[PDB]
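Per UniProt numbering, the very first residue in the sequence shown carries number 182; after that it's consecutive. Data block below; observations after.
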Amino acid sequence: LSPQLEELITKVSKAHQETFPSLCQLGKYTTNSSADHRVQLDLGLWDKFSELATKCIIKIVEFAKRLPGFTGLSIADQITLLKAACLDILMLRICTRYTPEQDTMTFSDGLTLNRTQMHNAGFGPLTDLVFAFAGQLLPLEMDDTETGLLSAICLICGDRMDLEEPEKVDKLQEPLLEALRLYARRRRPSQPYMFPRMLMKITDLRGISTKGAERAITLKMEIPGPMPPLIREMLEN
Ligand SMILES: CC1=C(/C=C/C(C)=C\C=C\C(C)=C\C(=O)O)C(C)(C)CCC1
Numbered sequence: 182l183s184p185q186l187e188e189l190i191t192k193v194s195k196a197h198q199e200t201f202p203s204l205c206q207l208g209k210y211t212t213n214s215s216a217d218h219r220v221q222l223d224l225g226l227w228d229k230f231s232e233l234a235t236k237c238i239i240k241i242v243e244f245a246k247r248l249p250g251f252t253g254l255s256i257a258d259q260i261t262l263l264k265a266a267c268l269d270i271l272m273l274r275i276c277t278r279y280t281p282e283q284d285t286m287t288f289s290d291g292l293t294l295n296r297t298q299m300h301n302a303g304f305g306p307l308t309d310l311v312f313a314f315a316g317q318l319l320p321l322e323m324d325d326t327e328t329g330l331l332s333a334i335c336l337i338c339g340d341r342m343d344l345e346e347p348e349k350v351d352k353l354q355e356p357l358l359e360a361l362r363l364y365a366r367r368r369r370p371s372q373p374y375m376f377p378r379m380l381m382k383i384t385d386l387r388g389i390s391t392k393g394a395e396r397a398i399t400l401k402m403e404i405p406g407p408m409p410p411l412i413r414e415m416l417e418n
């Protein structure tokens, strides 16, 4: 029924709004650390960065739990979905926080890093691809509810590997897909290609994430210690 789809759009939208501060509500602020030029790794910047990443992973687990039916999946499956889509979601998130004129990305506490800093923070040689994905996202002009539904679709995916009940996850995802097309089309009738464009972003995102995981391998050798436990949880996927 439509009321249910509408209900689903509102829930997800709020789940997302409540776990991911919009950019325009963020009290932006800066740092003067290695803004100068690129280097292998600025350890102060990496600490702040990984600390923010850890918190966003928890926020993501929170978001997932507010998605109808997630909590009804086996705990093994829930964990399986989180490990598999978490990096993808992190990517879509800072990328949706891109500011083209300043060429910066803003983290959840308002920390705004310029391209050199994101590099020094840890993205290293993957920075420009990240910024390139961010840029190629702007044309879509997705709103909060669309980014939330899309992240929900990235997460609830029955094609994951250790799924115990992949069929249950597919059925959970189904309404999310309906929700996104209905909403995307309603908000913009004149742009029929938005739904499929957004769906194709999922595949790109997954592409930048595998690269990001590979970036983590190298990163591990640059840091004078182990990466935060929640981040490692995510990387062991
Ligand atoms: C965590 C992490 C990585 C990527 C993080 C990304 C792609 C986004 C983080 C977004 C945050 C932290 C957003 C916010 O706070 O709003 C890379 C692949 C460099 C490897 C080391 C661990």
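The beta-carbon is built from N, C-alpha and C at its ideal position, and this holds for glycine as well.
Exercise. Looking only at C-alpha atoms, which of 359, 400 and 368 sits nearest to residue 185?
Worked result: 359
Exercise. Counting only runs that start and end within the segment 336 to 372, where is the alpha helix (DSSP H) found for 4 or more residues in a row?
Worked result: 347 to 368
Exercise. Within the present structure, is the beta-carbon of residue 398 separated from the nearest heavy atom of ligand 1 by less than 7 Å?
Worked result: no
Exercise. Can you find a heavy atom of ligand 3 that lies under 7 Å from the Cβ of residue 260?
Worked result: Because ligand 3 does not appear in the structure shown, any question about it cannot be addressed here, the ligands present being ligand 1.
Problem set entry | Nearest to residue 195 (by Cα), restricted to the options 234, 328, 233 and 418 | 328
Exercise. Which first and last residues belong to the beta strand (DSSP E) in which residue 294 is found?
Worked result: 293 to 295
For this session: Return the bridge partner residues of residue 408 from the DSSP annotation.
Result: DSSP, once it has assigned bridges, lists no residue as partnering residue 408.
Exercise. Going by DSSP, what residues sit across from residue 279 in a beta bridge?
Worked result: 286
For this session: Just the C-alpha distance for residue 301 and residue 214, rounded to the nearest angstrom, thanks.
Result: 9 Å
Exercise. Within the present structure, is the beta-carbon of residue 278 separated from the nearest heavy atom of ligand 1 by less than 7 Å?
Worked result: yes
Exercise. What residues match up with residue 129 in a beta bridge as DSSP calls it?
Worked result: Since the first residue shown for the chain is 182 and the last is 418, residue 129 is missing from the structure and cannot be characterised.
For this session: Identify, in the order they occur along the chain, each residue of the same chain with its Cβ nearer than 8 Å to the Cβ of residue 239, setting aside the five sequence neighbours on each side.
Result: 411
For this session: Quick one: which unbroken alpha helix (DSSP H) runs of 4-plus residues sit fully inside the segment 212 to 270? Chain order, please.
Result: 224 to 246
Exercise. Helix or strand or just coil, what does DSSP make of residue 323?
Worked result: coil
Exercise. Which residues in the same chain as residue 394 place their Cβ atom closer than 8 Å to its Cβ, once the five residues preceding and following it in sequence are excluded?
Worked result: 268, 416 and 418
Problem set entry | Same chain, Cβ closer than 8 Å to residue 226, neighbours up to 5 away in sequence not counted | 212, 214, 215, 294, 298, 301, 302 and 303
Problem set entry | For residue 260 and residue 232, the rounded distance between their alpha carbons | 21 Å
Problem set entry | residue 371 burial status per 10 Å Cβ neighbour count (16 or more: buried) | exposed
Exercise. Taking the continuous alpha helix (DSSP H) assigned at residue 376, which residues delimit it?
Worked result: 375 to 403
Exercise. Does at least one heavy atom of ligand 1 sit under 7 Å from the Cβ of residue 272?
Worked result: yes
For this session: Verify whether the separation of the beta carbon atoms of residue 258 and residue 345 is less than 8 Å.
Result: yes
For this session: Give a single yes or no on whether residue 404 has its beta carbon closer than 7 Å to a heavy atom of ligand 1.
Result: no
Exercise. DSSP state of residue 418, grouped into three classes?
Worked result: coil
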